[PDB]
Structure formats: structure tokens, C-alpha cells
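J.:
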Amino acid sequence: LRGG
Amino acid sequence: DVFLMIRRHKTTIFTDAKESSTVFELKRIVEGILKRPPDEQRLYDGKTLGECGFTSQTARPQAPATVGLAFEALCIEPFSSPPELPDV
Amino acid sequence: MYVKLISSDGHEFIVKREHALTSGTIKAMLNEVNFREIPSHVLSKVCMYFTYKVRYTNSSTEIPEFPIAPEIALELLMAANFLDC
Amino acid sequence: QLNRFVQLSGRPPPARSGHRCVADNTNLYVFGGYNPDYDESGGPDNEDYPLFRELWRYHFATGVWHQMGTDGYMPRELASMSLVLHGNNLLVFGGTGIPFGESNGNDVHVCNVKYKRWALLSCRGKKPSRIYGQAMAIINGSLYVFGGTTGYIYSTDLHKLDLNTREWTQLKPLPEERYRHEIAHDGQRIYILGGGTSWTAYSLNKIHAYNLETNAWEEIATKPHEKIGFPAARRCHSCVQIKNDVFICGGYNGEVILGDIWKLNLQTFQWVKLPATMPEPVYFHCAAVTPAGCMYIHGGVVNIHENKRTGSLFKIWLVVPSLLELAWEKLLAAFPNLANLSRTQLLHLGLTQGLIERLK
Numbered sequence: 073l074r075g076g
Numbered sequence: 002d003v004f005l006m007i008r009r010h011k012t013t014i015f016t017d018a019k020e021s022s023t024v025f026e027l028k029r030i031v032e033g034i035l036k037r038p039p040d041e042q043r044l045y053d054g055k056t057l058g059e060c061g062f063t064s065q066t067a068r069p070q071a072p073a074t075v076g077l078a079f086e087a088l089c090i091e092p093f094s095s096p097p098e099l100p101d102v
Numbered sequence: 017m018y019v020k021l022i023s024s025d026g027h028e029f030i031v032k033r034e035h036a037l038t039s040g041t042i043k044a045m046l058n059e060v061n062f063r064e065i066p067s068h069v070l071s072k073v074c075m076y077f078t079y080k081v082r083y084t085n086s087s088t089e090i091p092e093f094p095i096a097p098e099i100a101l102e103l104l105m106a107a108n109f110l111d112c
Numbered sequence: 041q042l043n044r045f046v047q048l049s050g087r088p089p090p091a092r093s094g095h096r097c098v099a100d101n102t103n104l105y106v107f108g109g110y111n112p113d114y115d116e117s118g119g120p121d122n123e124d125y126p127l128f129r130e131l132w133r134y135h136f137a138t139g140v141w142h143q144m145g146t147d148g149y150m151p152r153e154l155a156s157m158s159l160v161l162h163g164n165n166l167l168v169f170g171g172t173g174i175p176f177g178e179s180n181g182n183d184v185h186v187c188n189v190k191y192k193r194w195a196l197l198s199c200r201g202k203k204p205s206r207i208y209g210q211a212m213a214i215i216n217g218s219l220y221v222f223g224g225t226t227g228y229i230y231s232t233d234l235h236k237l238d239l240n241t242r243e244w245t246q247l248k249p256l257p258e259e260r261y262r263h264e265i266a267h268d269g270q271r272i273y274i275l276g277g278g279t280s281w282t283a284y285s286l287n288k289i290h291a292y293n294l295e296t297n298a299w300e301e302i303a304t305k306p307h308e309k310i311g312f313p314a315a316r317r318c319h320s321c322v323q324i325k326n327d328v329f330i331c332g333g334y335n336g337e338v339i340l341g342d343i344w345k346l347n348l349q350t351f352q353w354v355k356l357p358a359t360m361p362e363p364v365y366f367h368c369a370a371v372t373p374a375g376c377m378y379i380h381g382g383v384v385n386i387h388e389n390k391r392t393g394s395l396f397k398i399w400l401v402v403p404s405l406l407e408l409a410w411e412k413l414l415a416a417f418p419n420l421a422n423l424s425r426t427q428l429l430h431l432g433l434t435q436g437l438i439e440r441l442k
């Protein structure tokens, strides 16, 4: 669940 | 599809036409605008614009070419010259 | 179905009404419309842009750039600001 | 050759990803950013590595990048936050710090660009849980926030905040749970575009629209292209809106980075594939649109295997510009020294107050  | 500016004296008419359109069609539409029969005017007859040199490449709507309309010799008054102003 | 405009020096520009309706100021004004300040070399380009924008609006293909000479850039900008186009 | 991608330049900020950007007629405001590369991200000078706690702005007239020295308390959620522009203010909501999901945000910060100040809204009510990757919109002077995971569990709430009274509430009416999607609106309905989980990307051939008046969701089947088909399913894309038109740009489905751009008309729901392909296809980037109608794209991830970011900035014209805009661009290109002249000199030249304010 990467935000970048 | 070509675009045209009919020029005569201080008068300019913006219009569009097809490459398959004839000179008579142009005369008819300018008759519709400024009320002058086609027989009384010439432009610089029945040959269509395809062989008249009005290609779609050079007659783009951002720079249509001009045709000289006479009812007498041609008379096209040039537009006002731009002024000169220093960089500063 | 054609709208008639007059430049500052007396030149005459006849355009389609739909093309001239592009500018908000002309629509608000509205036949003949007299422009007492816009010179001929600017009104010509304004009609040029009217035709170009009307033809190329909502077009999928690429839109060619509008050629503007550097000299008339300032006055054309002024006219575009005034005409709301 | 005006509706193509043109790369801009002129000190540019380092490569970043996960940031957001908004635009007005004068500047392009970029907030947030994340980059794990030590050497690329300013080295030890960046005390917030791998997060970019910097707010930058690109000046359209001069083509210069300026890092704002704002005051107040800059929010710590600098990755996958949500940012909008209201009048002359930047509204920031949501987002996560580092590592992802460790500390998310659920409050609202406001930054005034003219005053260059930061503040926190004192909204009361039942606020959404701490989420990131959600999407917000401003409709009828109210804030609508949808989606966004909490880090381990997804969300589907459609919270609404009244800015006049600063009152939070939850909208109770179903679309699948998703994050990093995009929002479109037309004043009567809110349309969901793209998005997905970490294991799937949802198709764009069917759009979920929530109706404000009827307070219920609906499904709309968009029409396809003539011979191209529907846009490929994607997430972490970018979306902008011009009148009743929605442009989707970039993103990836999990294994392939998509570098195409599509347009959807909110009235006829017909897809159009613009004949422009990015010089460098990226995802997780930021995109914004100007009132004139020019779209700017910055940041993102270029390589999906090497995990390579970029700092390239691109601009594109989506509609036919007004004569004012064309004249302005030509004048700025022809006479670069115009920026040096003072306001009085430009007024003597004849430029209006708004044009001078844009240029200076």
C-alpha cells in the first residue's frame, strides 16, 4: 500500500 | 477545405470553400454577400479551385491567401503598417 | 447571416456571424460594428483567429499554432483583452 | 503542434513522487513529494528525507521555480495527500507520513498563497478516519471526500464538510473499495474514475456516479472510441476537469506504466483518445490545469523495476487557447526582457493590472  | 479572404479596395470578406468548389460558386457567394451579379465581377472562371492553386496546405484558416476582386483594375489597399517601439 | 466590421482606418471586414460571436464583447454589442481604435493589421488577425478557433474547437486531431508577428503582438494582445476572445 | 507535450526547464526541484499540484492563471503550486534516493533527494540537507516537506511554485511567465518560505505549521503528511484550490487558498486533507500507514491525517489545513500562511481548520462533527489516497472535491461551497485506505483496511465513505459552518458529516446512501482514484463533478453528481487496490485496477468502461439530489449511487456505461476501445484500467493516474470534460493522464495497472491521455464528456459519456504520448510515461505523478486550459504534469515514477523517479515538468494545451493567451505567450517568448521592466514602465506600455500581476 505505497503512498509514493 | 480552403479558407479565403476576398479583397477589393478597403473591403475584405472571410469565407471558406472546398477544393472541389468552382470559381462560379465563389462568385455566387460573394454575390450573396455584397449583392453584385457574378457576370459583373472577376477574381485573380469555371475551373475549380483544385487546379487554381488553392491547396489546403497554404490556405490554412490561420493564414488564408488573398484573391483580388474587380467589378476596372485591381485595387487592394494594404493594411496599416505596425509601428516601431523600443525594447524598454 | 454575415456581420460587418470597420477598422480604425476605414477597412472593411465581413465575417460569418457565428465566427464573430466567439468574442464576448461583439456578442454583447449585438449589422455593422465600428471599431474606432483597432487598426486594420490587428482586426485582420482578430478575424483570422475567429475563423481558426471556430474551425479547430473540439477537434481530436492536432491544432496548428497561430502565427503571430512579434511587432503586432502588443496591439493584438490589447485587442484580445478588449474584445474578450 | 500545440496539443502536444512540451518539456519545460529553468533551480528546479529534485525528483519526487506521490506529490500533488494545483494551478491558477499565474503560478503552479506543488506540495508534498517522496523520494527514497539519498543522493537525489538533496543528501543530508533534506532533514525530512525521504519526504519533501517543501511547497514549490512554478512561475509561468518567467519559467522559474521558487520554493516558498511559508510560516506556520506545514502538515507532516507529505505522501498521497489530497490538495485543492479555493479562491486564493490551498486546502490540504489526508495523506500519510513515512512509513506508509504509520501516521495518517484526517484534519484540514489551509495555506494562503497571497499571505503565504498556514493554519488548521477547527471543523467539528464526525470526521473521516485517518486515511490517505482519498479524493476530494469542492461542490456548492462544500467539501466532499471519498475513498482512501487507512493502511490495512479500505474505505468507501462519502463524507461532506460544510465550510460555512465547518461542520463534518457522513453521507449514508455500491462501488468497490478503492484508493488513489479520481473525482469528477458537474454540480449534480460525483463521478468516480480509475483507482483500485494493491492487487487490482478497476476498469474505466463503467463509472459510478453519486447523485446529490437523490442520495443514491448509479452505474453509467461510457461509450467507447471509434476503433480504439475503452481506456486501459489504471490506478495512481491523474485527472483534471475543464467545463464538462474530464482528462485522465498517466497511471499504471500494476505491471505496465501507461503514458496515454483520454478525455470523457460528462454529458454524452463518449471517450476520446488524444493523439499525444508522453516523452516519459510516469505514474504516481501530479497534474493540474489552469483556467486558460493548459495542463501541467510534474514528478512521478519512470521505471517500475528500477524504481526510478523524475523531476521533468511537461505542459500541454487541451483546448484552443483564447486570443489573449496566444498573444501573451508570443509576447513573452519574443521579448524576454519584459520581466525586468517595472510596473510603471509596463503600464506606460499599456498592459492592464491583471496582465502585469501575472507577468511580475
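Just so you know, the protein sequences line up as chains A, B, C and D, in that order.
Residue numbers for the first sequence follow UniProt numbering, so the first one is 73 and each next one is one higher.
Under UniProt numbering, the letters of the second sequence match residues 2 to 45, 53 to 79, 86 to 102, in that order.
Under UniProt numbering, the letters of the third sequence match residues 17 to 46, 58 to 112, in that order.
Under UniProt numbering, the letters of the fourth sequence match residues 41 to 50, 87 to 249, 256 to 442, in that order.
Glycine included, each C-beta is placed from N, C-alpha and C at the ideal position.
Under the assumption that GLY341 (chain D) contacts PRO363 (chain D) (Cβ atoms under 8 Å), give the Cβ distance between them as a whole number of angstroms.
T.: Contact holds; Cβ gap of about 3 Å.
J.: Going by Cα to Cα distance, which pick from D:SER198, D:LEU247, D:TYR220 and D:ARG92 is closest to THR241 (chain D)?
T.: Per the Cα distances, D:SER198.
J.: Under 8 Å by Cβ, that's how I've got residue 502 (chain D) and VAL328 (chain D) pegged, so tell me the actual separation to the nearest angstrom.
T.: Since the first and last residues shown for chain D are 41 and 442, residue 502 (chain D) lies out of range.
J.: Taking Cβ positions only, does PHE62 (chain C) come closer than 8 Å to chain D?
T.: No, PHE62 (chain C) does not count as interfacial toward chain D.
J.: Start and end of the alpha helix (DSSP H) containing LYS43 (chain C)?
T.: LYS43 (chain C) -> alpha helix (DSSP H) spans 40–45.
J.: For the segment 183–234 of chain D, list the beta strand (DSSP E) runs that are entirely contained and at least 3 residues long, ordered along the chain.
T.: If we require 3 residues or more, the beta strand (DSSP E) runs fully inside the segment 183–234 of chain D come out as 184–188, 193–196, 211–215 and 218–222.
J.: What are the complete beta strand (DSSP E) segments, minimum 3 residues, inside the UniProt repeat "Kelch 1" (87–154) of chain D?
T.: The UniProt repeat "Kelch 1" (87–154) of chain D contains these whole beta strand (DSSP E) runs: 96–99, 103–107, 131–135 and 140–143.
J.: Of all the residues that make up the segment 19–34 of chain B, which are near chain C by a beta-carbon distance shorter than 7 Å?
T.: Listed by position, the residues of the segment 19–34 of chain B near chain C (Cβ gap below 7 Å) are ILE34.
J.: Provide the residue span of the beta strand (DSSP E) that contains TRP244 (chain D), from first to last.
T.: First-last of the beta strand (DSSP E) with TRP244 (chain D): 243–245.
J.: Is residue 56 (chain C) close to chain D? Criterion is C-beta to C-beta, closer than 8 Å.
T.: Missing from the coordinates: residue 56 (chain C), inside the break in chain C from 46 to 58.
J.: Along chain B, in chain order, which residues have C-beta atoms closer than 9 Å to that of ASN419 (chain D)?
T.: Ordered by position in chain B, the residues that pass the 9 Å Cβ test against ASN419 (chain D) are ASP101 and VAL102.
J.: Is the Cβ of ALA155 (chain D) closer than 8 Å to any Cβ of chain A?
T.: Chain A, which has a Cβ nearer than 8 Å to the Cβ of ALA155 (chain D), makes this yes.
J.: Out of C:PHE93, C:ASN58, C:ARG63 and C:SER71, which one is the CA nearest neighbour of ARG33 (chain C)?
T.: Considering only alpha carbons, the answer is C:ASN58.
J.: Please determine if the segment 257–266 of chain D and the segment 315–323 of chain D are in contact, where contact requires at least 3 C-beta pairs separated by less than 8 Å.
T.: They touch, by the three-pair rule.
J.: Would you call the segment 64–79 of chain C in contact with the segment 17–32 of chain C, where contact means no fewer than 3 C-beta pairs closer than 8 Å?
T.: These segments touch.
J.: Does the beta carbon of residue 50 (chain B) come closer than 8 Å to any beta carbon on chain C?
T.: Gap note for chain B: numbering proceeds from 45 to 53 with nothing in between, so residue 50 (chain B) has no coordinates.
J.: Determine the extent of the alpha helix (DSSP H) in which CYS74 (chain C) is found, giving its start and end residues.
T.: Counting along the chain, the alpha helix (DSSP H) containing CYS74 (chain C) begins and ends at 67–83.
J.: Anything in chain C within Cβ reach of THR12 (chain B), meaning under 9 Å, just list it in chain order.
T.: Here the neighbours are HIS27, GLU28, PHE29 and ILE30.
J.: Check this for me: beta carbons of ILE274 (chain D) and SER231 (chain D), under 8 Å apart or not?
T.: Contact: no.
J.: If you follow the beta strand (DSSP E) that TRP410 (chain D) is in, where does it begin and where does it stop?
T.: Here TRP410 (chain D) belongs to no beta strand (DSSP E); instead the alpha helix (DSSP H) covers 405–416.
J.: Are the C-beta atoms of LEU423 (chain D) and some chain B residue less than 8 Å apart?
T.: So, interface residue.
J.: Is the segment 206–220 of chain D close to the segment 176–194 of chain D, with three or more CB pairs under 8 Å?
T.: Touching, yes, given that three or more Cβ pairs across the two stretches are closer than 8 Å.
J.: So which of D:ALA195, D:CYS376, D:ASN165 and D:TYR334 has the shortest CA-CA distance to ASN385 (chain D)?
T.: The option with the nearest alpha carbon to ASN385 (chain D) is D:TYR334.
J.: For the candidate residues D:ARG193, D:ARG200 and D:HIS235, whose alpha-carbon lies nearest to that of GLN210 (chain D)?
T.: Ranking the options by Cα distance to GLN210 (chain D), first place goes to D:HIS235.
J.: For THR172 (chain D), which of helix, strand or coil comes out of DSSP?
T.: In this structure, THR172 (chain D) counts as strand in the three-state DSSP scheme.
J.: Tell me which same chain residues have a C-beta within less than 8 Å of the C-beta of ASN165 (chain D), skipping the five on either side of it?
T.: So the list reads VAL186, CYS187, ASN188 and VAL189, once near-sequence residues are dropped.
J.: For the beta strand (DSSP E) that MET377 (chain D) lies in, which residues bound it at each end?
T.: Unbroken beta strand (DSSP E) run through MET377 (chain D): 376–380.
J.: Taking 8 Å as the CB-CB limit, is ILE99 (chain C) close to chain B?
T.: At least one chain B Cβ lies under 8 Å of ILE99 (chain C).
J.: Compute the beta-carbon to beta-carbon distance between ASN180 (chain D) and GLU153 (chain D), rounded to the nearest angstrom, for a pair I have assumed lies under 8 Å.
T.: Correct: roughly 7 Å between the Cβ atoms.
J.: So, at 6 Å on beta carbons, what are the nonlocal neighbours of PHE366 (chain D) in its own chain, with the 5 sequence-adjacent residues on each side left out?
T.: The answer, listed in chain order, is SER93, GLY94, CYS318, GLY382 and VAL383.
J.: Using beta carbons (cut-off 8 Å, strictly below), is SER64 (chain B) in contact with chain C?
T.: Not closer than 8 Å to any Cβ of chain C, the Cβ of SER64 (chain B) fails to qualify, so no.
J.: Thinking C-beta only, is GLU92 (chain C) closer than 8 Å to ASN43 (chain D)?
T.: Against a cut-off of 8 Å, the Cβ pair of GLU92 (chain C) and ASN43 (chain D) comes out as no contact.
J.: With DSSP collapsed to three states, give me the class of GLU26 (chain B).
T.: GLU26 (chain B): helix per DSSP, three-state reduction.
J.: Buried or exposed, going by whether 16 or more other CB atoms sit within 10 Å of the CB of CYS368 (chain D)?
T.: Under this definition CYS368 (chain D) is a buried residue.
J.: Which residue wins for smallest C-alpha separation from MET6 (chain B), given the options B:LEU88, B:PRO100 and B:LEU77?
T.: Nearest option by C-alpha distance: B:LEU77.
J.: Quick one: which residues of the UniProt repeat "Kelch 1" (87–154) of chain D get their C-beta closer than 7 Å to a C-beta of chain A? List them in chain order.
T.: Answer in chain order: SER93, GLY94 and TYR110.
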